[PDB]
Structures are given as structure tokens and as C-alpha cells.
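Worksheet: the structure to be examined is printed underneath.
When a residue number appears, it is its place in the shown sequence, counting from 1.
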Amino acid sequence: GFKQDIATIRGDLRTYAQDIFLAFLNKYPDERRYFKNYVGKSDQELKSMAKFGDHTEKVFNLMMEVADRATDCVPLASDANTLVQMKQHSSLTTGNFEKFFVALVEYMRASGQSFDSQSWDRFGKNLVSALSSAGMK
Ligand code: HEM
């Protein structure tokens, strides 16, 4: 289930973080504009820029903390608030996050593994609701 998925992802966090982030960018290429240093780089090229592996790992660490603190895939309003108020997220809207979670859920479905894809889809929906409830446009 969802708790085990947190454990699976944490066990190899940099690998899943890179793969899922790349799946997002490659599914939604317009989103790469927000990540100036990644423009014009292939998957394997990104995998040698220090900021890439370090940024993606930090993003997924936070996402796992938010997931772990959730109750029945509903995140804490304080964790939504943190994500809205981050300087790095100031120009984002909820659609950016919707896209991210579409890519994440698609990744999990395509994986050979028994990820609880439906729980991640619900978590993403509830996080987007919570971002909106916290004032994200
Ligand atoms: C639940 C989803 C997300 C989480 C948990 C998350 C978390 C974070 C964290 C922890 C950082 C700081 C990384 C660092 O300084 O090393 C970060 C930076 C950033 N986030 Fe997010 N974020 C998420 C979704 C998004 C989405 C959907 C976008 C854009 C489409 C985005 C755009 C950025 C940008 C532009 C930065 C700064 C530049 C960079 O880190 O490469 N984030 N985010």
C-alpha cells in the first residue's frame, strides 16, 4: 500500500526521484522552462549535474515527508502551506502539480512493481485541493 510505497521510494530515493522527475519533464516538456539549467540536456546528461541529483532528491525527500505525515492520503494543511509559500514555487499554479502527479502515477502504473497507484493518484488530488485551499492559484 501507500505506506510500503513510501518505504520503497525511500530505499532508493535518488533513483526514483530522477526517474520520476525525468518522466514529468519528458511528458510535459513546457515545464522544463522553470528549470533553466536543465534546458538542452538529455536524461543521461542531467544525471551528471550535481544540482540535478541533489535537487531531485531534496524534492522527493519533502514529498515523502508530506506523504508520511498524511492521514488516509490527505496531507496536512501546514505541509500544503509550506509548498505554496516556498520562494521557488512563487510562479506556480495547481496545474503544475497536477501534471507532476499524472506523470508520477503513470510511472508507477508502468513499473513492474506493485505500487499503490490509486493511492498516489488520490494523494495528488488531495494535495492539489489542499494547495488551492491554501491559496495557490
Ligand atoms: C509535491 C511536489 C513538489 C515538491 C515536494 C517540491 C519540493 C521542492 C523542494 C524541496 C525544492 C528545493 C530543492 C533544492 O533547493 O535543492 C524545490 C525547488 C523547486 N521546485 Fe518544487 N516541489 C514540487 C513540485 C514542483 C513543481 C510541479 C514544479 C514546477 C513545475 C516545481 C518547481 C520548482 C523549482 C523551479 C524549484 C527551484 C529550482 C530547482 O530546484 O531546480 N516544483 N521544490
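- The nearest pair of heavy atoms linking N96 to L92 is OD1-CA, 3.5 Å.
- No single ILVMFWY cluster, assembled from side-chain heavy atoms under 4.5 Å apart, contains both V84 and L76.
- Closest heavy-atom contact between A67 and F2: O-CE2, 3.5 Å.
- In this structure, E45 and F52 have side chains that are not in contact, with every pair of non-hydrogen atoms separated by 4.5 Å or more.
- Here CG of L13 is found 11.5 Å from OG1 of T8. Values are rounded to the nearest 0.5 Å.
- At distances below 3.5 Å, not a single donor-acceptor pair connects side-chain atoms of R32 with backbone N or O atoms of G40.
- For the atom pair CD of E31 and CZ of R33, the computed distance is 6.5 Å after rounding to the nearest 0.5 Å.
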Evaluate the criterion side-chain contact (heavy atoms from CB on, under 4.5 Å) for residue pair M64 and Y16; output intermediate values, then yes/no. CA-CA 12 Å; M64 297 303 101; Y16 284 115; over 6 Å; no
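- The two residues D5 and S114 make their nearest non-hydrogen contact at OD1-O, 4.0 Å.
- For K3 (side chain) and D68 (main-chain N/O), a donor-acceptor pair under 3.5 Å exists by modelled atom type.
- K47 places a side-chain heavy atom less than 4.5 Å from the side chain of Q18.
- Rounded to the nearest 0.5 Å, atoms CG (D43) and CG (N26) are 5.0 Å apart.
- Among all heavy-atom pairs drawn from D121 and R109, the shortest one is OD2-NH1, 4.5 Å.
- The CZ atom of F60 lies 11.5 Å from the CD atom of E57; values are rounded to the nearest 0.5 Å.
- Here the side chain of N126 pairs no donor or acceptor atom with the backbone of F123 at under 3.5 angstrom.
- In this structure the side chain of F100 reaches within 4.5 angstrom of the side chain of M63, judged on heavy atoms.
- In this structure the side chain of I9 reaches within 4.5 angstrom of the side chain of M108, judged on heavy atoms.
- Aromatic rings from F35 and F24 are positioned such that their centres are separated by 6.0 Å or more.
- Residues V59 and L62 are members of one and the same hydrophobic cluster, defined by side-chain heavy-atom contacts under 4.5 angstrom among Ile, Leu, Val, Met, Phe, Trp and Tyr.
- From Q88, atom CD reaches atom NZ of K58 across 11.5 Å, with rounding to the nearest 0.5 Å.
- Between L127 and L83, some side-chain heavy-atom pair lies under the 4.5 Å cut-off.
- When side chains are defined from C-beta on, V102 counts as touching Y28, because their heavy atoms get closer than 4.5 Å.
- To the nearest 0.5 Å, atoms CG (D19) and CG (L104) are separated by 11.5 Å.
- The aromatic rings of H89 and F97 sit perpendicular to each other, their planes meeting at more than 60°, with 30° as the lower class boundary.
- In terms of modelled atom types and a separation under 3.5 Å, the side chain of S132 and the main chain of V128 share no donor-acceptor contact.
- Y107 is linked by a ring pair (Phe, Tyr, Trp, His ring centres under 6.0 Å) to nothing, counting only residues two or more places apart in sequence or in another chain.
- Looking at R14 and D54, their side chains come closer than 4.5 Å, going by heavy atoms from C-beta outward.
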